[PDB]
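Quick note: the sequence shown, position 68, residue 72 per the entry's author numbering, numbers continuous. Cβ atoms here follow ideal geometry from the backbone N, Cα and C, with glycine treated the same way. Heads up, the thing below is written out as structure tokens.
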Amino acid sequence: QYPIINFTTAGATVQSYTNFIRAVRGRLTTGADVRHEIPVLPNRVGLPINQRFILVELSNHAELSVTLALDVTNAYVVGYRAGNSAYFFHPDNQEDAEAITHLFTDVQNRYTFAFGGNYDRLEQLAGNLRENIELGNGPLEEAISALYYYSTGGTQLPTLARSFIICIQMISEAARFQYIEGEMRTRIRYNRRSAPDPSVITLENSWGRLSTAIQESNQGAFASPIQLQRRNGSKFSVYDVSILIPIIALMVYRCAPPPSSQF
């Protein structure tokens, strides 16, 4: 039922990764909502269950496959399937708990983790912060294997958590931010793994706030500036949507768009 997008780390290139992220964005957004040239994800309110999720089937050079389920309202990875088992992060509410029963319905073994899937929780389980977890094609290749082997005892919990952190950033964050997509393209082009710098981390941390600031803006102008960081960790002040058009590819729905109000 739910749309499936396929990606493999096996011989991945800048182009194959670019095609993948473009396809993910295309399945996440409908085109009904574009504000200051930036697309908005579907509103959760009144969204039919048959339109709620997309599936990302990840394959690797090791000939293993896992399927991630993404919530279209926020691009969040809500769980995964590997063969005969599926695992879901602890739902935030009763609506989300019902929603995930519509995923991987023919799987033999269904589990809900007692932990949530946010970075804070995953970092504490990994024993490492995002700033110290290497990203790139190699890490993703390895993450796919780690997810695959969890049900059979091959993967320790910190490795599993680290693997989720890798997947979330290389898929969901890349979908949300052209800038983060670009950072992953660079890693793939040179086949060089590296942890995300402060520019990546601060964008990830600020996605909700940036989405709200843009949507609540007066003709694009922020009421309050948002502080981001450069690659070297120095401050970058954002006052306007204009500077973010090349940076952010999609926003979470936060408010109704104000009337056109042309002069």
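Going by Cα to Cα distance, which pick from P250, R196 and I247 is closest to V18?
-> In the sequence shown, counting from the first residue as 1, residue 18 sits at position 14. Among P250, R196 and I247, the Cα nearest to that of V18 is on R196.
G87 versus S198: straight-line alpha-carbon distance, rounded | For the purposes of this step, residue 87 is taken as the residue at position 83 of the sequence shown. For the purposes of this step, residue 198 is taken as the residue at position 194 of the sequence shown. Going from the Cα of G87 to the Cα of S198 covers about 30 angstroms.
Answer yes if the region 112 to 121 comes into contact with the region 35 to 43, meaning at least three C-beta pairs across the two stretches below 8 angstroms, and no otherwise.
-> no
What does DSSP give as the partner residues of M255 in its beta bridges?
-> Mapped onto the sequence shown, residue 255 falls at position 251. Answer is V44.
In this structure, does DSSP put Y194 in helix, strand or coil?
-> Working through the sequence shown from its first residue, we reach residue 194 at position 190. Correct three-state label for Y194: helix.
Cβ-based neighbour list, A179, same chain, cut-off 8 angstroms, excluding 5 preceding and 5 following = Translated into positions along the sequence shown, residue 179 becomes position 175. Correct list, in chain order: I25, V28, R29, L32, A79, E185, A253 and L254.
Can you give me the Cβ contacts of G35 inside the same chain, cut-off strictly under 8 angstroms, excluding the 5 residues immediately before and after it?
-> As a first step, residue 35 must be located in the sequence shown, where it is residue number 31. Around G35: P43.
Starting from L32, trace the alpha helix (DSSP H) both ways and give me its first and last residue.
-> Mapped onto the sequence shown, residue 32 falls at position 28. Looking at the DSSP string, the run of the alpha helix (DSSP H) that includes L32 is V18 to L32.
Within its chain, find whatever has a CB closer than 8 angstroms to the CB of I192; leave out the 5 residues flanking it on each side and keep chain order.
-> For this step, residue 192 is matched to residue 188 along the sequence shown. For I192, where only same-chain residues beyond five positions count, the Cβ hits under 8 angstroms are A16, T17, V18, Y21, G140 and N141.
Leaving out the 5 sequence neighbours to the left and right, which residues in its chain are closer than 7 angstroms to residue 4 when beta-carbon positions are compared?
-> What the structure shows of the chain is the stretch from 5 to 267, and residue 4 is not part of that stretch, so it cannot be assessed.
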